[PDB]
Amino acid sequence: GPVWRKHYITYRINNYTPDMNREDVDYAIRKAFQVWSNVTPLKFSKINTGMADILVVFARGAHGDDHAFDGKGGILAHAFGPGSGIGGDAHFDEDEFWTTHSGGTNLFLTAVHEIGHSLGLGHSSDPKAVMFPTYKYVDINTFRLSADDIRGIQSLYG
């Protein structure tokens, strides 16, 4: 399907969850982008004003697209594949409790998966893949993409 046709990609954080320290949100998102730039030719840059390729949004319930959120649990986040406008954007359900650790829902881990979608990946049937569509906490300090994730992304880029 669709991929970004350029190497320099921008992101912007639209708003911040009150669940976390601001700096921790910035760092979780930055690290999640780094996971993918590690294994592709892409470069990601945070911008503070204007139109970014990938807008990161925290919202609850109905929030202006065809993917209303469902309160605590269930759908944690969703993202749109590469394209103009809302293409690339990643939305996180504010009815979750976002964290830097094993409590609540880990923002970094969720964001790695969502950014996969923002870059054009679909879901994997392999439970070991970050793109497996079921949330399960794993240690973030030593996180690695599965072989399936790497072959998926390198089928699109590089």
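By rigid core we mean the largest C-alpha set that fits within 1.5 Å across both forms. Quick note: we count residues from 1 along the sequence shown, nothing fancier.
A.B. asks: Core fit done; bigger CA RMS in 6 other deposited structures of this protein for 139-147 or for 8-16?
C.D. replies: With the rigid core fitted, 139-147 is the stretch that strays more in 6 other deposited structures of this protein.
A.B. asks: Between 66-74 and 109-117, which has its CA atoms farther from the current form in 6 other deposited structures of this protein, using a rigid core superposition?
C.D. replies: This comes out as 66-74, the stretch further from the shown form in 6 other deposited structures of this protein.
A.B. asks: Going by the B-factors listed in the PDB entry, is the mean over the C-alpha atoms higher for 149-157 or for 3-11?
C.D. replies: Result of the comparison: 149-157.
A.B. asks: Averaged over C-alpha atoms, is the B-factor higher for 131-139 or for 16-24 in this PDB entry?
C.D. replies: Stretch with the greater average CA B-factor: 131-139.
A.B. asks: For the listed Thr40, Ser124, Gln34, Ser102, which has the peak Cα B-factor recorded in the PDB entry?
C.D. replies: Checking the PDB record, the top C-alpha B-factor among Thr40, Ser124, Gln34, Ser102 is at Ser102.
A.B. asks: Based on the PDB record, which member of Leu119, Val112, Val57, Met51 exhibits the highest Cα temperature factor?
C.D. replies: Result of the comparison over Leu119, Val112, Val57, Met51: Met51.
A.B. asks: Taking only the Cα B-factors deposited for this chain, tell me whether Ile86 sits in the lowest, middle or highest third.
C.D. replies: For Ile86, the deposited C-alpha B-factor lands in the highest third.
A.B. asks: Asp70: which third of its chain by C-alpha temperature factor?
C.D. replies: It belongs to the middle third of the chain when residues are ordered by C-alpha B-factor.
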